[PDB]
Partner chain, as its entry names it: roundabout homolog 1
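The chain below stands alone and is given in structure tokens; this is the form deposited without its partner chain.
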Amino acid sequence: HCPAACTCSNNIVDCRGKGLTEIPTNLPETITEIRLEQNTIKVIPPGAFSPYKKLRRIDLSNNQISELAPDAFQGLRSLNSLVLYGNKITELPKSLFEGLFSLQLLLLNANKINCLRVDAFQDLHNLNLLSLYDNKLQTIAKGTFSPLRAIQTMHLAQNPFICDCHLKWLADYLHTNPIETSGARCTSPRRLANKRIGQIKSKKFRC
């Protein structure tokens, strides 16, 4: 029930840096933490973690993940952290984070994410730390942050933000809630390129 390359004890499955090419299957149903970071997993298959509804922490960071089934984390109502940084993720399928009502940490930094659905974080009521650092986001649609009622910290930088009239809400949001702490900058238009989104008056975000 414990993969031969990993060490499992105290409900933790630890397969950190053991050459894994896929998520191991038939683990104990009681598992509360799964450590799969620093392997070469490429695919998160349909309802991958759905058998383990007692999961509180998943670490999938520093793999080669380019594909996530939309029900990869379905039913994980007790999940507190989802750590996905350092993969090749390009889009978040609809409902990927559906029903993760206990999630507190979501790390999506160092991926290739080029857009976010306005409902991407619809169920993340209790999230405290989100990172989208070092992705390919040009914009975030007004409303994407509305469901984040417990948010305390965001890492948004190293994204090519176009600071036009469609990102103006984010200027206002951050003036009100100065919780962006990685020094997010505009990259376009040229008039605002390389300036911190928090240092720019909203009135300057125009189309």
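Positions refer to the first chain, counted from 1.
Only in words, not in the display: the form solved in complex with its partner chain, which the text now covers.
Not one of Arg117, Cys163 and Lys204 comes within 4.5 Å of its partner chain in the deposited complex, counting any heavy atom.
Residue contact with its partner chain in the deposited complex: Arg16 places a heavy atom within 4.5 Å of it. Contact check for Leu96: no non-hydrogen atom falls within 4.5 Å of its partner chain in the deposited complex. Residue contact with its partner chain in the deposited complex: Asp172 places no heavy atom within 4.5 Å of it. In the deposited complex, its partner chain sits beyond 4.5 Å of every heavy atom of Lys168.
Interface residue among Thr153, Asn177, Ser50, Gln138, judged by heavy atoms within 4.5 Å of its partner chain in the deposited complex: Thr153. Between 27 to 35, 42 to 50, 63 to 71, 143 to 151, the stretch whose residues reach within 4.5 angstroms of its partner chain in the deposited complex through a non-hydrogen atom is 27 to 35. Contacts of stretch 56 to 84 with its partner chain in the deposited complex, defined by any heavy atom lying within 4.5 Å, are made by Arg57 alone.
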